[PDB]
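Trainee: Before I ask anything, here is the structure I am working with.
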Amino acid sequence: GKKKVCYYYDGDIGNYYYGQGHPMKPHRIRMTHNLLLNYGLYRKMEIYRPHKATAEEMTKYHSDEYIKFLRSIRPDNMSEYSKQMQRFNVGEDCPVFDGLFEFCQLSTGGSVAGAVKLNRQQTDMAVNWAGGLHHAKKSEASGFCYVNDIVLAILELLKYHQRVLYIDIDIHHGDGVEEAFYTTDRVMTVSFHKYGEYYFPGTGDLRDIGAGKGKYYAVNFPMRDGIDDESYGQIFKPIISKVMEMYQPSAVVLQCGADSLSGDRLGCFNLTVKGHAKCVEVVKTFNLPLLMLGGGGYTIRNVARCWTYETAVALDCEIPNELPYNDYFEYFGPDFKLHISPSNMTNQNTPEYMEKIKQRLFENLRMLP
Ligand SMILES: CSc1ccccc1C(=O)NCCCC[C@H](NC(=O)c1cncs1)c1ncc(-c2ccc3ccccc3c2)[nH]1
Ligand SMILES: [Ca+2]
Ligand SMILES: [Ca+2]
Ligand SMILES: [Zn+2]
């Protein structure tokens, strides 16, 4: 029926600045919080402030060398660590900024706290919008991510769950999560993303299905520019339903990257908030312990709308399209509405392409015991 939702948020998260012109804007999490608070969602869920994850917690997946570098690097001592910066991919994409390590601790802290809270059966859904940083590697930062909170949270769930299902609806391929569990059947990583012609991160081919004991436990749905609600909607439920039937998981982690929305400054997809939220509703019908994370998103007004609505969906709460007054009301102009309209962009994904990729995916799903 209606489930218990635990929400994680640190009031300071919005103060971390990546640098002038960088598209990663932590302020989008404070806009999200302010919007869902202003709609009255605080009355229906538990709000918790996440702890600052320790180097011990982070090293359950990451190397000590990489975590020690992260916990010591600063804009002032930058010149000293020139070699280490290159080794760990800290530079233009993943800059060195004031409070970098603290930001990682808060982002991670909520994901691991949600996994613990779910493990103890104290909640049915845990939400951490500051998490979902799917590109971070064992000893390397990548695509604005430094610590892979998702991998750490999955490692936490694996303590009480034999099989965990990871679903990634960000526009980019969830490389870091896929790589972490590429050779195990204990975690199945299913990712829907845009693919081809030097599009970040370069990975996510349909033919990438896992290795060793993890062969057939890595699923990838490569899409082209312009995918709409209708096209995405016809593939998501059938793939997820088959993955549930064959894989039979006991816990689910769903990364909700909003960079797959219409008009995103870094994305080329054309989903609306109702189309994006349809994925949360689909996953929610299986009534399995669920951890909901954030991820991509540069058009911060659309990110705030999307995650406010997906929190409402998780609560089975109907909220009006008319936006309530809030601390960032001017960002949502000139409509001041919660829902967004799709653009006139061409959907390169022909329905036949969608059905062909889906067919090949189901072939691979037949290979599970
Ligand atoms: C959407 S924000 C997000 C939030 C949470 C989790 C994930 C994401 C995400 O999708 N991250 C990946 C985004 C793509 C990275 C992509 N980079 C590359 O392709 C390569 C880099 N090095 C070699 S190739 C990129 N797209 C735009 C820029 C960019 C633009 C302006 C900048 C101005 C200042 C400084 C840096 C900047 C980086 N970089
Ligand atoms: Ca994805
Ligand atoms: Ca796997
Ligand atoms: Zn992304």
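Numbering starts at 1 and runs along the chain as it is shown here.
Determination method: X-ray crystallography, 2.7 Å.
Every residue gets a Cβ built from N, Cα and C, even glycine.
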Trainee: Hey, Swiss-Prot has Zn(2+) bound by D170, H172. Any idea which of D76, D93, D259, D264 it lists too?
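Mentor: For the Zn(2+) site that includes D170, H172, Swiss-Prot also lists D259.
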Trainee: Tell me which residue from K68, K117, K194, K358 Swiss-Prot records as SUMO2 cross-link.
Mentor: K68
Trainee: Say Swiss-Prot lists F181, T184, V187 as binding Ca(2+) 2: which of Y146, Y217, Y232, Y247 is in the same site, per that record?
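Mentor: The one candidate that Swiss-Prot places in that Ca(2+) 2 site: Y217.
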Trainee: Would you mind pulling the DSSP three-state label for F192 (Ca(2+) 1 binding site)?
Mentor: strand
Trainee: Could you check which of the binding-site residues (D170, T184, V187) sits closest to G21 (1D-myo-inositol 1,4,5,6-tetrakisphosphate binding site), going Cα to Cα?
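Mentor: In terms of Cα distance, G21 (1D-myo-inositol 1,4,5,6-tetrakisphosphate binding site) lies closest to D170.
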Trainee: Under 6 Å from ligand 1 by C-beta, which of these recorded positions make it: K25, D168, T184, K215? Sequence order, please.
Mentor: none
Trainee: Near ligand 2, which of the recorded positions show up if the criterion is a Cβ under 6 Å from one of its atoms? Options: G21, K68, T184, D259.
Mentor: none
